[PDB]
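**Student:** I am attaching a structure below and will ask some questions about it afterwards.
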Amino acid sequence: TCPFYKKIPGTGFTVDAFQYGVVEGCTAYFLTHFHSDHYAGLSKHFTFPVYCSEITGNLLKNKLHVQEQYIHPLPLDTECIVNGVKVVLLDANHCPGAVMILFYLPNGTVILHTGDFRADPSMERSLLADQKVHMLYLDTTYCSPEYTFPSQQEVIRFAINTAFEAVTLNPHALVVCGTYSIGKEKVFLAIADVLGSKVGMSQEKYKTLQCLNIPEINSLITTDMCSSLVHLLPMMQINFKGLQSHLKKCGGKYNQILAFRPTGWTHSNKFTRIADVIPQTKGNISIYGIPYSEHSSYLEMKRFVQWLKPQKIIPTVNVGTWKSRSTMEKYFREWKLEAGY
Ligand code: NI
């Protein structure tokens with residue numbers, strides 16, 4: 001049964017609600033982004049209208065085989081009418097094709113559903129600037145002040161400089177980057193660019209990347225692993241056993257692996273600066289965990305909310321425990337008192 005926080009009152013609409021069977025009263029199913037916790041339940045047999053971005057639509061058709069007649073892609077930053085309700089899709093600064101959704105209810109209420117997002121000051125000059133929002137359905141993944149991490153730009157700077165140093169000292173080192181879903185493509189693209197290499201990967205992952213409208217992508221990626229010195233592997237294989245095994249398969253082309261695990265936040269964030277991060281090493285293999293986030297830090301989230309001044313906030317993440325819910329409600333009240341809305 002669909003939870004209440006995936007239902008948009010006053011409409012026939014649901015958001016990221018594909019694992020509940022047929023939802024009673026739902027005339028259109030929105031999907032914010034192609035991540036499995038959100039698409040769970042979609043397949044080639046789905047026969048209700050799905051509304052999403054162009055990129056999300058390419059992935060539904062090619063990866064999940066949803067039939068084309070049920071996929072309704074919408075342009076960003078454009079007022080559209082869906083089942084007689086005005087909507088707009090805005091970039092969520094999450095993974096490729098990820099959106100926030102603005103709904104303009106027939107009765108005058110305006111609702112923003114952030115989907116998954118990384119808040120940024122640039123959002124303060126989208127179409128949000130022009131009107132009031134009554135209700136905010138908010139990605140509260142990291143809604144606690146202990147959650148700090150660097151900018152995506154600092155994290156990429158660290159990774160490029162790390163990789164370029166290692167391979168310049170040893171031309172026979174391989175770089176490996178872990179992945180398990182779309183998102184964080186800049187990690188492996190920026191490293192391959194500094195090394196003058198294409199990124200090599202499985203056919204299934206190459207397929208996924210070909211759905212994403214990234215400019216000049218044929219220039220950046222390949223299925224020929226032998227021609228590449230930056231390889232992508234499933235995240236689960238980014239350990240000493242998995243990497244030893246991979247190095248065996250490269251036929252004595254390489255004699256060292258330097259590997260990256262993009263994570264979200266991890267508790268070493270409370271003690272260490274990005275500049276100071278060090279790998280785990282075993283023999284000729286080193287593994288760096290780097291805090292490349294595609295969700296808001298606590299400070300970014302707070303800044304966004306205090307700018308938007310919504311009348312009601314509905315969390316969409318961390319809602320399963322009373323202690324979580326109570327924690328988040330306390331911060332929302334502080335924010336409101338500090339800012340005066
Ligand atoms: Ni996500």
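So you can find residues: chains in the structure tokens are A, B, ... in the order shown, residues in each start at 1, and ligands are numbered from 1 in order.
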Between chain A and ligand 1, at 8 Å or less, what are the per-residue closest atom pairs and their distances in Å? Count only C-alpha atoms and all ligand atoms, order by chain and rising residue number, and return it as a Markdown table.
**Tutor:**
```
| residue | atom | partner | partner_atom_place_in_ligand_line | distance |
| --- | --- | --- | --- | --- |
| A:33 | CA | ligand 1 | 1 (Ni) | 6.8 |
| A:34 | CA | ligand 1 | 1 (Ni) | 7.5 |
| A:35 | CA | ligand 1 | 1 (Ni) | 5.2 |
| A:37 | CA | ligand 1 | 1 (Ni) | 7.6 |
| A:38 | CA | ligand 1 | 1 (Ni) | 7.4 |
| A:94 | CA | ligand 1 | 1 (Ni) | 7.0 |
| A:95 | CA | ligand 1 | 1 (Ni) | 7.2 |
| A:115 | CA | ligand 1 | 1 (Ni) | 7.9 |
| A:116 | CA | ligand 1 | 1 (Ni) | 5.2 |
| A:117 | CA | ligand 1 | 1 (Ni) | 7.9 |
| A:294 | CA | ligand 1 | 1 (Ni) | 8.0 |
```
**Student:** Could you write those residues out with C-alpha atoms, as a PDB file, in the first residue's frame?
**Tutor:**
```pdb
ATOM      1  CA  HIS A  33      14.931   9.672 -11.509  1.00  0.00           C
ATOM      2  CA  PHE A  34      16.237   6.277 -12.557  1.00  0.00           C
ATOM      3  CA  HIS A  35      17.466   4.861  -9.206  1.00  0.00           C
ATOM      4  CA  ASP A  37      14.508   2.421  -4.742  1.00  0.00           C
ATOM      5  CA  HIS A  38      12.413   4.842  -6.874  1.00  0.00           C
ATOM      6  CA  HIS A  94      21.302  14.569  -8.410  1.00  0.00           C
ATOM      7  CA  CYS A  95      22.157  11.955 -11.166  1.00  0.00           C
ATOM      8  CA  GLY A 115      12.761  13.981  -5.544  1.00  0.00           C
ATOM      9  CA  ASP A 116      16.380  13.217  -4.611  1.00  0.00           C
ATOM     10  CA  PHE A 117      18.456  16.494  -4.826  1.00  0.00           C
ATOM     11  CA  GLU A 294      24.677  13.728  -4.851  1.00  0.00           C
TER      12      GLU A 294
END
```
**Student:** Got a sec: who's within 10 Å of range 196-201 of chain A, counting only C-alpha atoms, leaving out chain neighbours fewer than 6 positions off, as a PyMOL selection string?
**Tutor:** chain A and resi 175-177+188-190+207+217-234
**Student:** Take the residues that were just selected and, keeping C-alpha atoms, output them as a CSV table (one decimal), in the first residue's frame.
**Tutor:**
```csv
chain,number,residue,atom,x,y,z
A,175,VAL,CA,43.0,3.0,-12.4
A,176,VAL,CA,39.7,1.4,-11.4
A,177,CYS,CA,36.5,3.2,-10.4
A,188,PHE,CA,35.6,8.5,-13.9
A,189,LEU,CA,35.2,11.0,-16.7
A,190,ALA,CA,37.6,13.6,-15.1
A,207,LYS,CA,24.4,0.8,-22.8
A,217,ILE,CA,30.3,10.6,-25.1
A,218,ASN,CA,31.5,8.4,-28.0
A,219,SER,CA,34.8,10.2,-27.6
A,220,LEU,CA,34.9,9.3,-23.8
A,221,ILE,CA,33.8,5.6,-23.2
A,222,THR,CA,34.5,2.2,-24.8
A,223,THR,CA,33.8,-1.6,-24.4
A,224,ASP,CA,37.4,-2.4,-25.5
A,225,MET,CA,39.1,-2.9,-22.1
A,226,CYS,CA,42.5,-3.5,-23.7
A,227,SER,CA,42.7,0.0,-25.1
A,228,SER,CA,41.8,1.8,-21.8
A,229,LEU,CA,43.8,2.6,-18.6
A,230,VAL,CA,40.7,3.6,-16.6
A,231,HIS,CA,38.3,0.6,-16.0
A,232,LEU,CA,34.8,0.6,-14.4
A,233,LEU,CA,33.8,-2.3,-12.3
A,234,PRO,CA,30.8,-3.1,-10.1
```
**Student:** May I have the residues within 7 Å of residue 313 in chain A as a PDB file with N, CA, C and O atoms, in the first residue's frame, using only C-alpha atoms and disregarding those fewer than 4 positions away in the same chain?
**Tutor:**
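Done, and the output landed in result_15.pdb:
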```pdb
ATOM      1  N   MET A 135       3.598  23.714   0.138  1.00  0.00           N
ATOM      2  CA  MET A 135       4.010  22.398   0.681  1.00  0.00           C
ATOM      3  C   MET A 135       5.307  21.952  -0.057  1.00  0.00           C
ATOM      4  O   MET A 135       5.396  22.054  -1.327  1.00  0.00           O
ATOM      5  N   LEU A 136       6.248  21.456   0.726  1.00  0.00           N
ATOM      6  CA  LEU A 136       7.569  20.961   0.219  1.00  0.00           C
ATOM      7  C   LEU A 136       7.738  19.480   0.649  1.00  0.00           C
ATOM      8  O   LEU A 136       7.813  19.225   1.834  1.00  0.00           O
ATOM      9  N   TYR A 137       7.900  18.597  -0.329  1.00  0.00           N
ATOM     10  CA  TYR A 137       8.155  17.185  -0.086  1.00  0.00           C
ATOM     11  C   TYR A 137       9.660  17.080  -0.278  1.00  0.00           C
ATOM     12  O   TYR A 137      10.158  17.140  -1.416  1.00  0.00           O
ATOM     13  N   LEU A 138      10.380  16.948   0.849  1.00  0.00           N
ATOM     14  CA  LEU A 138      11.814  17.214   0.911  1.00  0.00           C
ATOM     15  C   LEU A 138      12.689  15.945   1.085  1.00  0.00           C
ATOM     16  O   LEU A 138      12.463  15.132   2.038  1.00  0.00           O
TER      17      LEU A 138
END
```
**Student:** Nearest residue to residue 307 in chain A out of A:252, A:150, A:9, A:121, using only C-alpha atoms?
**Tutor:**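 Looking at the shortest contact to residue 307 in chain A, the residue is A:121.
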**Student:** Would you please extract all strand (DSSP E or B) residues from range 116-178 of chain A, as assigned by DSSP on the backbone, and give them as a list in words?
**Tutor:**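 Secondary structure check on range 116-178 of chain A, strand (DSSP E or B): residues 135, 136, 137, 138, 173, 174, 175, 176, 177 and 178 of chain A.
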**Student:** Grab the residues selected above and save them as a PDB file, in the first residue's frame with N, CA and C atoms.
**Tutor:**
```
ATOM      1  N   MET A 135       3.598  23.714   0.138  1.00  0.00           N
ATOM      2  CA  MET A 135       4.010  22.398   0.681  1.00  0.00           C
ATOM      3  C   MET A 135       5.307  21.952  -0.057  1.00  0.00           C
ATOM      4  N   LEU A 136       6.248  21.456   0.726  1.00  0.00           N
ATOM      5  CA  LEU A 136       7.569  20.961   0.219  1.00  0.00           C
ATOM      6  C   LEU A 136       7.738  19.480   0.649  1.00  0.00           C
ATOM      7  N   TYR A 137       7.900  18.597  -0.329  1.00  0.00           N
ATOM      8  CA  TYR A 137       8.155  17.185  -0.086  1.00  0.00           C
ATOM      9  C   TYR A 137       9.660  17.080  -0.278  1.00  0.00           C
ATOM     10  N   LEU A 138      10.380  16.948   0.849  1.00  0.00           N
ATOM     11  CA  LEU A 138      11.814  17.214   0.911  1.00  0.00           C
ATOM     12  C   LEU A 138      12.689  15.945   1.085  1.00  0.00           C
ATOM     13  N   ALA A 173      50.566   1.489 -14.011  1.00  0.00           N
ATOM     14  CA  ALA A 173      49.429   1.388 -13.064  1.00  0.00           C
ATOM     15  C   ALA A 173      48.082   1.489 -13.821  1.00  0.00           C
ATOM     16  N   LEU A 174      47.093   0.722 -13.349  1.00  0.00           N
ATOM     17  CA  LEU A 174      45.707   0.775 -13.869  1.00  0.00           C
ATOM     18  C   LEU A 174      44.926   1.551 -12.889  1.00  0.00           C
ATOM     19  N   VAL A 175      44.029   2.447 -13.354  1.00  0.00           N
ATOM     20  CA  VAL A 175      43.031   3.032 -12.416  1.00  0.00           C
ATOM     21  C   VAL A 175      41.700   2.337 -12.555  1.00  0.00           C
ATOM     22  N   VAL A 176      41.045   2.045 -11.410  1.00  0.00           N
ATOM     23  CA  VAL A 176      39.713   1.380 -11.390  1.00  0.00           C
ATOM     24  C   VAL A 176      38.747   2.266 -10.605  1.00  0.00           C
ATOM     25  N   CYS A 177      37.528   2.460 -11.121  1.00  0.00           N
ATOM     26  CA  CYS A 177      36.469   3.220 -10.414  1.00  0.00           C
ATOM     27  C   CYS A 177      35.241   2.302 -10.268  1.00  0.00           C
ATOM     28  N   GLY A 178      34.707   2.228  -9.058  1.00  0.00           N
ATOM     29  CA  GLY A 178      33.487   1.473  -8.768  1.00  0.00           C
ATOM     30  C   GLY A 178      32.195   2.203  -9.159  1.00  0.00           C
TER      31      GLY A 178
END
```
**Student:** So that I can see what lies close to residue 31 in chain A, please list as a PDB file with C-alpha atoms, in the first residue's frame the residues with an atom at most 8 Å from it, counting only C-alpha atoms and leaving out residues fewer than 2 positions away in the same chain.
**Tutor:**
```pdb
ATOM      1  CA  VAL A  15       5.519  10.228  -7.242  1.00  0.00           C
ATOM      2  CA  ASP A  16       7.998   7.326  -7.275  1.00  0.00           C
ATOM      3  CA  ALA A  17       5.183   4.817  -6.462  1.00  0.00           C
ATOM      4  CA  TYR A  29       2.614   8.121 -12.213  1.00  0.00           C
ATOM      5  CA  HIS A  33      14.931   9.672 -11.509  1.00  0.00           C
ATOM      6  CA  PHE A  34      16.237   6.277 -12.557  1.00  0.00           C
ATOM      7  CA  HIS A  38      12.413   4.842  -6.874  1.00  0.00           C
ATOM      8  CA  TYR A  39      11.613   2.871 -10.050  1.00  0.00           C
ATOM      9  CA  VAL A  50       4.599   7.578 -16.794  1.00  0.00           C
ATOM     10  CA  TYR A  51       5.753  11.177 -16.737  1.00  0.00           C
ATOM     11  CA  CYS A  52       9.534  11.916 -16.438  1.00  0.00           C
TER      12      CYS A  52
END
```
**Student:** Of the candidates A:316, A:114, A:286, A:203, which shows the shortest atom-to-atom distance to residue 243 in chain A, using only C-alpha atoms?
**Tutor:**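 Using only C-alpha atoms, the shortest distance to residue 243 in chain A belongs to A:286.
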**Student:** Within range 28-175 of chain A, find each residue whose DSSP state, derived from the backbone, is helix (DSSP H, G or I), and express the selection as number ranges by chain.
**Tutor:** A: 36-39, 54-63, 68-70, 121-125, 152-169
**Student:** Kindly save the residues from that selection, with N, CA, C and O atoms included, as a short mmCIF file (atom, residue, chain, number, x, y, z; two decimals), in the first residue's frame.
**Tutor:**
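Done, and the output landed in part_38.cif:
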```cif
data_model
loop_
_atom_site.label_atom_id
_atom_site.label_comp_id
_atom_site.auth_asym_id
_atom_site.auth_seq_id
_atom_site.Cartn_x
_atom_site.Cartn_y
_atom_site.Cartn_z
N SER A 36 17.01 2.59 -8.31
CA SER A 36 16.12 1.40 -8.11
C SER A 36 15.12 1.56 -6.95
O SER A 36 13.99 1.10 -7.08
N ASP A 37 15.48 2.23 -5.86
CA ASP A 37 14.51 2.42 -4.74
C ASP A 37 13.29 3.21 -5.25
O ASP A 37 12.19 3.11 -4.65
N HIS A 38 13.48 3.99 -6.33
CA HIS A 38 12.41 4.84 -6.87
C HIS A 38 11.63 4.25 -8.02
O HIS A 38 10.36 4.42 -8.06
N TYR A 39 12.29 3.55 -8.95
CA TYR A 39 11.61 2.87 -10.05
C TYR A 39 11.03 1.46 -9.68
O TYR A 39 10.26 0.93 -10.47
N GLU A 54 13.36 13.47 -20.32
CA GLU A 54 13.87 12.80 -21.59
C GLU A 54 14.88 11.69 -21.24
O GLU A 54 14.77 10.53 -21.71
N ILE A 55 15.82 12.01 -20.35
CA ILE A 55 16.84 11.04 -19.99
C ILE A 55 16.29 9.85 -19.25
O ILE A 55 16.63 8.67 -19.54
N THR A 56 15.42 10.11 -18.27
CA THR A 56 14.80 9.02 -17.54
C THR A 56 13.99 8.12 -18.52
O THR A 56 13.96 6.86 -18.39
N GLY A 57 13.31 8.80 -19.44
CA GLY A 57 12.52 8.08 -20.50
C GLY A 57 13.39 7.16 -21.38
O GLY A 57 12.93 6.05 -21.68
N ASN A 58 14.60 7.59 -21.77
CA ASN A 58 15.56 6.76 -22.54
C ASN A 58 15.93 5.53 -21.79
O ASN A 58 15.96 4.43 -22.35
N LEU A 59 16.17 5.65 -20.48
CA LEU A 59 16.49 4.51 -19.63
C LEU A 59 15.30 3.52 -19.41
O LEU A 59 15.46 2.27 -19.37
N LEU A 60 14.09 4.05 -19.22
CA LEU A 60 12.88 3.21 -19.09
C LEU A 60 12.70 2.31 -20.35
O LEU A 60 12.48 1.09 -20.23
N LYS A 61 12.82 2.92 -21.50
CA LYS A 61 12.64 2.23 -22.81
C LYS A 61 13.74 1.21 -23.07
O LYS A 61 13.44 0.10 -23.46
N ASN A 62 15.00 1.59 -22.84
CA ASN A 62 16.16 0.76 -23.24
C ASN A 62 16.61 -0.21 -22.18
O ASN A 62 17.02 -1.32 -22.53
N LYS A 63 16.54 0.14 -20.90
CA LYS A 63 16.98 -0.73 -19.84
C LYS A 63 15.86 -1.55 -19.23
O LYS A 63 16.12 -2.72 -18.81
N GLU A 68 6.91 2.32 -25.39
CA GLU A 68 7.01 3.70 -25.77
C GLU A 68 5.70 4.48 -25.63
O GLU A 68 5.72 5.68 -25.37
N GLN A 69 4.58 3.80 -25.84
CA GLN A 69 3.26 4.43 -25.76
C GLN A 69 2.89 4.90 -24.33
O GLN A 69 2.03 5.76 -24.17
N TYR A 70 3.48 4.30 -23.29
CA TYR A 70 3.24 4.72 -21.93
C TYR A 70 4.28 5.71 -21.35
O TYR A 70 4.10 6.13 -20.22
N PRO A 121 22.71 27.08 -4.50
CA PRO A 121 22.20 28.48 -4.63
C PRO A 121 21.68 28.77 -6.03
O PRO A 121 20.82 29.64 -6.21
N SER A 122 22.18 28.08 -7.04
CA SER A 122 21.65 28.28 -8.39
C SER A 122 20.15 28.01 -8.54
O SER A 122 19.48 28.56 -9.44
N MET A 123 19.58 27.17 -7.65
CA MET A 123 18.18 26.91 -7.69
C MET A 123 17.33 28.11 -7.29
O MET A 123 16.12 28.18 -7.56
N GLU A 124 17.95 29.06 -6.61
CA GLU A 124 17.27 30.29 -6.17
C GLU A 124 16.94 31.23 -7.37
O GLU A 124 16.17 32.20 -7.19
N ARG A 125 17.46 30.90 -8.57
CA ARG A 125 17.18 31.62 -9.83
C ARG A 125 16.62 30.74 -10.97
O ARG A 125 16.72 31.06 -12.18
N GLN A 152 31.62 19.05 -4.73
CA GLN A 152 31.92 18.06 -5.76
C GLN A 152 33.21 18.49 -6.48
O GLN A 152 34.03 17.61 -6.85
N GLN A 153 33.39 19.81 -6.72
CA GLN A 153 34.61 20.33 -7.38
C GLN A 153 35.87 19.98 -6.58
O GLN A 153 36.84 19.52 -7.18
N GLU A 154 35.87 20.15 -5.25
CA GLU A 154 37.10 19.79 -4.43
C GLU A 154 37.37 18.29 -4.54
O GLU A 154 38.51 17.88 -4.52
N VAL A 155 36.33 17.49 -4.51
CA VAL A 155 36.48 16.01 -4.53
C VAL A 155 37.08 15.60 -5.87
O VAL A 155 38.02 14.76 -5.88
N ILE A 156 36.62 16.20 -6.95
CA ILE A 156 37.14 15.86 -8.30
C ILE A 156 38.61 16.34 -8.38
O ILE A 156 39.46 15.64 -8.95
N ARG A 157 38.90 17.52 -7.86
CA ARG A 157 40.29 18.01 -7.87
C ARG A 157 41.26 17.00 -7.20
O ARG A 157 42.36 16.64 -7.75
N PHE A 158 40.85 16.49 -6.03
CA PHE A 158 41.61 15.47 -5.32
C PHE A 158 41.82 14.21 -6.20
O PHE A 158 42.92 13.61 -6.32
N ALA A 159 40.74 13.73 -6.79
CA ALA A 159 40.81 12.48 -7.56
C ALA A 159 41.75 12.64 -8.81
O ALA A 159 42.57 11.70 -9.10
N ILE A 160 41.57 13.74 -9.56
CA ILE A 160 42.42 14.01 -10.78
C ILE A 160 43.89 14.06 -10.38
O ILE A 160 44.78 13.41 -10.99
N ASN A 161 44.17 14.82 -9.33
CA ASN A 161 45.60 15.01 -8.91
C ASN A 161 46.20 13.68 -8.39
O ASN A 161 47.36 13.35 -8.74
N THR A 162 45.45 12.92 -7.59
CA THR A 162 45.82 11.59 -7.15
C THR A 162 46.14 10.62 -8.29
O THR A 162 47.22 10.01 -8.31
N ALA A 163 45.23 10.52 -9.28
CA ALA A 163 45.38 9.61 -10.40
C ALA A 163 46.57 10.02 -11.31
O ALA A 163 47.38 9.19 -11.72
N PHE A 164 46.68 11.31 -11.56
CA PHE A 164 47.71 11.81 -12.48
C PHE A 164 49.08 11.60 -11.84
O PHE A 164 50.04 11.05 -12.51
N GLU A 165 49.18 11.90 -10.55
CA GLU A 165 50.45 11.57 -9.84
C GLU A 165 50.86 10.12 -9.90
O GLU A 165 52.02 9.81 -10.26
N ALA A 166 49.94 9.19 -9.56
CA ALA A 166 50.26 7.78 -9.53
C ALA A 166 50.72 7.22 -10.89
O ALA A 166 51.66 6.35 -10.93
N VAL A 167 50.01 7.61 -11.96
CA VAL A 167 50.26 7.02 -13.29
C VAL A 167 51.53 7.68 -13.92
O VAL A 167 52.21 7.07 -14.77
N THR A 168 51.81 8.90 -13.55
CA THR A 168 53.05 9.59 -14.04
C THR A 168 54.23 8.97 -13.38
O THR A 168 55.24 8.73 -14.02
N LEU A 169 54.11 8.56 -12.11
CA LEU A 169 55.24 7.85 -11.42
C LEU A 169 55.38 6.42 -11.94
O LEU A 169 56.52 5.89 -12.12
#
```
**Student:** Please list as an MDAnalysis selection string every residue within 12 Å of residue 28 in chain A, counting only C-alpha atoms and excluding residues in the same chain fewer than 2 positions away.
**Tutor:** chainID A and resid 7:8 11:18 22:26 30:31 47:52 70:72 82:85
**Student:** Restricting it to N, CA, C and O atoms, dump the selection as a short mmCIF file (atom, residue, chain, number, x, y, z; two decimals), in the first residue's frame.
**Tutor:**
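After the write, part.cif holds the following:
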```
data_model
loop_
_atom_site.label_atom_id
_atom_site.label_comp_id
_atom_site.auth_asym_id
_atom_site.auth_seq_id
_atom_site.Cartn_x
_atom_site.Cartn_y
_atom_site.Cartn_z
N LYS A 7 1.81 10.62 -2.30
CA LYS A 7 0.57 11.04 -2.92
C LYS A 7 0.49 12.58 -2.92
O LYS A 7 0.95 13.24 -1.97
N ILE A 8 0.03 13.13 -4.03
CA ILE A 8 -0.08 14.58 -4.21
C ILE A 8 -1.61 14.93 -4.04
O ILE A 8 -2.41 14.72 -4.99
N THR A 11 -4.98 15.92 -6.58
CA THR A 11 -4.67 15.45 -7.91
C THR A 11 -4.90 13.94 -8.08
O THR A 11 -5.12 13.23 -7.11
N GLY A 12 -4.77 13.46 -9.30
CA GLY A 12 -4.71 12.00 -9.51
C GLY A 12 -3.26 11.54 -9.60
O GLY A 12 -2.97 10.65 -10.41
N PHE A 13 -2.34 12.16 -8.86
CA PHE A 13 -0.91 11.91 -9.20
C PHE A 13 -0.17 11.21 -8.09
O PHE A 13 -0.34 11.55 -6.95
N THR A 14 0.81 10.34 -8.42
CA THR A 14 1.73 9.84 -7.40
C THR A 14 3.17 10.07 -7.91
O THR A 14 3.35 10.30 -9.06
N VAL A 15 4.08 10.03 -6.97
CA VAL A 15 5.52 10.23 -7.24
C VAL A 15 6.29 9.03 -6.72
O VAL A 15 6.28 8.74 -5.53
N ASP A 16 7.07 8.44 -7.62
CA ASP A 16 8.00 7.33 -7.28
C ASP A 16 7.26 6.16 -6.52
O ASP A 16 7.73 5.66 -5.48
N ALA A 17 6.15 5.75 -7.12
CA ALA A 17 5.18 4.82 -6.46
C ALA A 17 4.77 3.67 -7.42
O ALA A 17 3.60 3.54 -7.84
N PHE A 18 5.76 2.83 -7.74
CA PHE A 18 5.61 1.82 -8.77
C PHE A 18 5.59 0.37 -8.20
O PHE A 18 5.43 -0.57 -8.99
N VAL A 22 -1.57 -1.35 -8.63
CA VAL A 22 -2.39 -0.26 -9.18
C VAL A 22 -2.84 0.60 -8.00
O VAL A 22 -3.39 0.06 -7.06
N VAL A 23 -2.52 1.90 -7.99
CA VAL A 23 -2.84 2.76 -6.83
C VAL A 23 -4.20 3.35 -7.08
O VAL A 23 -4.45 3.82 -8.17
N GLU A 24 -5.08 3.32 -6.08
CA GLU A 24 -6.49 3.69 -6.31
C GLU A 24 -6.60 5.19 -6.49
O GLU A 24 -6.19 5.95 -5.60
N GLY A 25 -7.12 5.59 -7.64
CA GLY A 25 -7.31 7.01 -7.95
C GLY A 25 -6.16 7.63 -8.74
O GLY A 25 -6.28 8.74 -9.22
N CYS A 26 -5.08 6.90 -8.95
CA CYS A 26 -3.96 7.46 -9.69
C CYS A 26 -4.12 7.37 -11.20
O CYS A 26 -4.11 6.29 -11.78
N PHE A 30 4.34 9.79 -11.76
CA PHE A 30 5.62 10.52 -12.00
C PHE A 30 6.79 9.72 -11.50
O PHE A 30 6.72 9.16 -10.41
N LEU A 31 7.91 9.72 -12.23
CA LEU A 31 9.17 9.19 -11.77
C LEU A 31 10.29 10.27 -11.78
O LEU A 31 10.60 10.77 -12.85
N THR A 47 1.27 -0.57 -17.95
CA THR A 47 0.34 0.08 -18.89
C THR A 47 -0.36 1.38 -18.41
O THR A 47 -1.39 1.74 -18.97
N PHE A 48 0.17 2.06 -17.40
CA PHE A 48 -0.30 3.44 -17.07
C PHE A 48 0.70 4.48 -17.55
O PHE A 48 1.85 4.13 -17.81
N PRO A 49 0.25 5.75 -17.75
CA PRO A 49 1.12 6.82 -18.23
C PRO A 49 2.19 7.13 -17.14
O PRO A 49 1.87 7.17 -15.90
N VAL A 50 3.44 7.24 -17.64
CA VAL A 50 4.60 7.58 -16.79
C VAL A 50 5.11 8.90 -17.28
O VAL A 50 5.31 9.10 -18.47
N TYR A 51 5.29 9.85 -16.34
CA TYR A 51 5.75 11.18 -16.74
C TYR A 51 7.16 11.35 -16.07
O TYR A 51 7.34 11.02 -14.90
N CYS A 52 8.10 11.84 -16.86
CA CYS A 52 9.53 11.92 -16.44
C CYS A 52 10.32 12.85 -17.35
O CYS A 52 9.79 13.35 -18.29
N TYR A 70 3.48 4.30 -23.29
CA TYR A 70 3.24 4.72 -21.93
C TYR A 70 4.28 5.71 -21.35
O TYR A 70 4.10 6.13 -20.22
N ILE A 71 5.32 6.05 -22.11
CA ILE A 71 6.39 6.99 -21.64
C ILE A 71 6.09 8.41 -22.13
O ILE A 71 6.05 8.68 -23.33
N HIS A 72 5.93 9.35 -21.18
CA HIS A 72 5.65 10.73 -21.49
C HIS A 72 6.79 11.67 -21.04
O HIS A 72 6.73 12.24 -19.95
N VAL A 82 -0.73 18.47 -17.59
CA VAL A 82 -0.90 17.04 -17.44
C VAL A 82 -2.25 16.78 -16.76
O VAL A 82 -2.50 17.14 -15.61
N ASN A 83 -3.13 16.07 -17.48
CA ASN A 83 -4.49 15.77 -16.96
C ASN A 83 -5.14 17.00 -16.31
O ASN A 83 -5.64 16.99 -15.16
N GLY A 84 -5.03 18.09 -17.05
CA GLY A 84 -5.51 19.39 -16.64
C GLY A 84 -4.89 20.09 -15.45
O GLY A 84 -5.50 21.00 -14.93
N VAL A 85 -3.67 19.72 -15.06
CA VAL A 85 -2.92 20.38 -13.98
C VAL A 85 -1.59 20.91 -14.53
O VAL A 85 -0.89 20.24 -15.22
#
```
**Student:** From the options A:32, A:139, A:41, A:131, which residue's atoms come nearest to residue 97 in chain A, counting only C-alpha atoms?
**Tutor:**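 Of the candidates, the smallest distance to residue 97 in chain A is held by A:32.
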**Student:** Got a sec: who's within 9 Å of residue 120 in chain A, counting only C-alpha atoms, leaving out chain neighbours fewer than 2 positions off, as a VMD selection string?
**Tutor:** chain A and resid 93 118 122 to 124 296 300 to 301 303 to 304
**Student:** Put those residues in a file: N, CA and C atoms, as a PDB file, in the first residue's frame.
**Tutor:**
```
ATOM      1  N   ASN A  93      19.976  18.488  -9.655  1.00  0.00           N
ATOM      2  CA  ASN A  93      21.427  18.357  -9.251  1.00  0.00           C
ATOM      3  C   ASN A  93      21.665  17.072  -8.421  1.00  0.00           C
ATOM      4  N   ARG A 118      20.634  17.589  -4.608  1.00  0.00           N
ATOM      5  CA  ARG A 118      21.645  18.293  -3.929  1.00  0.00           C
ATOM      6  C   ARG A 118      21.409  19.817  -4.046  1.00  0.00           C
ATOM      7  N   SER A 122      22.182  28.080  -7.044  1.00  0.00           N
ATOM      8  CA  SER A 122      21.646  28.283  -8.390  1.00  0.00           C
ATOM      9  C   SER A 122      20.151  28.010  -8.537  1.00  0.00           C
ATOM     10  N   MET A 123      19.579  27.174  -7.648  1.00  0.00           N
ATOM     11  CA  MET A 123      18.177  26.906  -7.690  1.00  0.00           C
ATOM     12  C   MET A 123      17.326  28.114  -7.290  1.00  0.00           C
ATOM     13  N   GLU A 124      17.953  29.063  -6.605  1.00  0.00           N
ATOM     14  CA  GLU A 124      17.267  30.291  -6.169  1.00  0.00           C
ATOM     15  C   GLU A 124      16.944  31.230  -7.372  1.00  0.00           C
ATOM     16  N   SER A 296      22.029  16.801  -0.675  1.00  0.00           N
ATOM     17  CA  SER A 296      22.337  18.023   0.068  1.00  0.00           C
ATOM     18  C   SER A 296      23.121  17.648   1.324  1.00  0.00           C
ATOM     19  N   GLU A 300      23.584  22.914   3.169  1.00  0.00           N
ATOM     20  CA  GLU A 300      22.932  23.217   1.876  1.00  0.00           C
ATOM     21  C   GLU A 300      21.397  23.115   1.933  1.00  0.00           C
ATOM     22  N   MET A 301      20.923  22.051   2.592  1.00  0.00           N
ATOM     23  CA  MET A 301      19.494  21.841   2.827  1.00  0.00           C
ATOM     24  C   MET A 301      18.802  22.976   3.596  1.00  0.00           C
ATOM     25  N   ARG A 303      19.897  26.047   3.952  1.00  0.00           N
ATOM     26  CA  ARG A 303      19.916  27.285   3.181  1.00  0.00           C
ATOM     27  C   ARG A 303      18.762  27.334   2.168  1.00  0.00           C
ATOM     28  N   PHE A 304      18.573  26.244   1.436  1.00  0.00           N
ATOM     29  CA  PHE A 304      17.460  26.106   0.533  1.00  0.00           C
ATOM     30  C   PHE A 304      16.088  26.309   1.159  1.00  0.00           C
TER      31      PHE A 304
END
```
**Student:** Ranking A:65, A:132, A:76, A:263 by minimum distance to residue 183 in chain A and counting only C-alpha atoms, which one comes first?
**Tutor:**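 The closest residue to residue 183 in chain A is A:263.
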**Student:** Please identify all polymer residues within 9 Å of residue 247 in chain A, counting only C-alpha atoms, omitting same-chain residues fewer than 5 positions from it, and present them as a list in words.
**Tutor:**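 In the requested form, the answer reads residues 174, 242, 252, 253, 254, 255, 256 and 257 of chain A.
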